[PDB]
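Engineer: I am attaching a structure below and will ask some questions about it afterwards.
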Amino acid sequence: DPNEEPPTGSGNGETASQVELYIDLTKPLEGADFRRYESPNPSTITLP
Amino acid sequence: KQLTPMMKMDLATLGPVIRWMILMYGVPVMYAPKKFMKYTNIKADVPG
C-alpha cells in the first residue's frame with residue numbers, strides 16, 4: 001500500500017523499554033524487605 | 001526504631017534473694033529535619 005505508513009524507530013538497538021522489561025523479568029523481588037526472615041530475635045512483635 | 005521491646009531478664013541466684021532487670025534498646029529517628037520547628041524562650045507565669 002503506497003499510502004500506508006510504515007513502522008519506524010527500529011534502528012535503536014538496546015531500547016530503554018526493552019531494558020526496563022528485562023530488568024522486571026530477570027530481577028524480581030528487588031527492593032523487598034527480607035530482613036525479618038534472618039532475624040534470631042525471639043520477639044517479632046513491636047510494642048510501646 | 002526498636003531493637004527489642006521492654007523486656008524482663010532473670011538474674012543469677014546467689015542466695016535466698018530474687019533478682020531481675022528490665023531492659024530496652026532503641027533509638028528515635030526523624031527522616032525530614034525541616035518538617036519540624038520549635039518555639040524557644042516562652043514566658044508563662046501561671047504558677048505565680
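Starting from 1 in every chain, residues are counted up; chains themselves are A, B, ... following the order of the C-alpha cells, and ligands are numbered from 1 as listed.
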Would you tabulate, counting only C-alpha atoms, all residues of chain B that have an atom at most 8 Å from an atom of chain A, showing the closest pair of atoms and their distance in Å to one decimal, sorted by chain then ascending number, as JSON lines?

Structural biologist:
```
{"residue": "B:2", "atom": "CA", "partner": "A:46", "partner_atom": "CA", "distance": 7.3}
{"residue": "B:4", "atom": "CA", "partner": "A:43", "partner_atom": "CA", "distance": 6.8}
{"residue": "B:5", "atom": "CA", "partner": "A:47", "partner_atom": "CA", "distance": 6.0}
{"residue": "B:6", "atom": "CA", "partner": "A:48", "partner_atom": "CA", "distance": 7.7}
```

Engineer: Restricting it to C-alpha atoms, dump the selection as a short mmCIF file (atom, residue, chain, number, x, y, z; two decimals), in the first residue's frame.

Structural biologist:
```
data_model
loop_
_atom_site.label_atom_id
_atom_site.label_comp_id
_atom_site.auth_asym_id
_atom_site.auth_seq_id
_atom_site.Cartn_x
_atom_site.Cartn_y
_atom_site.Cartn_z
CA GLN B 2 13.08 -0.79 68.48
CA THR B 4 13.71 -5.24 71.29
CA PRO B 5 10.63 -4.20 73.30
CA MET B 6 10.67 -3.57 77.05
#
```

Engineer: For residue B:10, find every residue with an atom within 9 Å (counting only C-alpha atoms), except residues of its own chain fewer than 5 positions away, and show them as number ranges by chain.

Structural biologist: B: 18-22

Engineer: For the selection just defined, write its residues with N, CA and C atoms to a file, as a PDB file, in the first residue's frame.

Structural biologist:
```
ATOM      1  N   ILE B  18      15.724 -12.894  95.235  1.00  0.00           N
ATOM      2  CA  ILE B  18      15.267 -12.963  93.851  1.00  0.00           C
ATOM      3  C   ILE B  18      15.616 -11.655  93.159  1.00  0.00           C
ATOM      4  N   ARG B  19      16.290 -11.748  92.012  1.00  0.00           N
ATOM      5  CA  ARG B  19      16.763 -10.580  91.284  1.00  0.00           C
ATOM      6  C   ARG B  19      16.377 -10.683  89.815  1.00  0.00           C
ATOM      7  N   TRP B  20      16.146  -9.526  89.199  1.00  0.00           N
ATOM      8  CA  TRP B  20      15.883  -9.440  87.770  1.00  0.00           C
ATOM      9  C   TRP B  20      16.111  -8.002  87.329  1.00  0.00           C
ATOM     10  N   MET B  21      16.211  -7.814  86.012  1.00  0.00           N
ATOM     11  CA  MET B  21      16.415  -6.492  85.443  1.00  0.00           C
ATOM     12  C   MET B  21      15.470  -6.290  84.266  1.00  0.00           C
ATOM     13  N   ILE B  22      15.081  -5.035  84.054  1.00  0.00           N
ATOM     14  CA  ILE B  22      14.221  -4.636  82.947  1.00  0.00           C
ATOM     15  C   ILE B  22      15.065  -3.844  81.961  1.00  0.00           C
TER      16      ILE B  22
END
```

Engineer: Within 9 Å of residue B:3, counting only C-alpha atoms, which residues qualify if same-chain residues fewer than 4 places away don't, as a JSON list (two decimals) with C-alpha atoms, in the first residue's frame?

Structural biologist:
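around29.json, written as the output of this step:
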```
[["chain", "number", "residue", "atom", "x", "y", "z"],
["A", 41, "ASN", "CA", 15.39, -12.12, 67.76],
["B", 24, "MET", "CA", 15.02, -1.77, 76.49],
["B", 25, "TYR", "CA", 17.04, -1.00, 73.35],
["B", 26, "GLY", "CA", 16.14, 1.59, 70.72],
["B", 27, "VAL", "CA", 16.71, 4.99, 69.15]]
```

Engineer: Just the strand (DSSP E or B) stuff from chain B, please, per backbone DSSP, written as a VMD selection string.

Structural biologist: chain B and resid 2 to 10 20 to 26
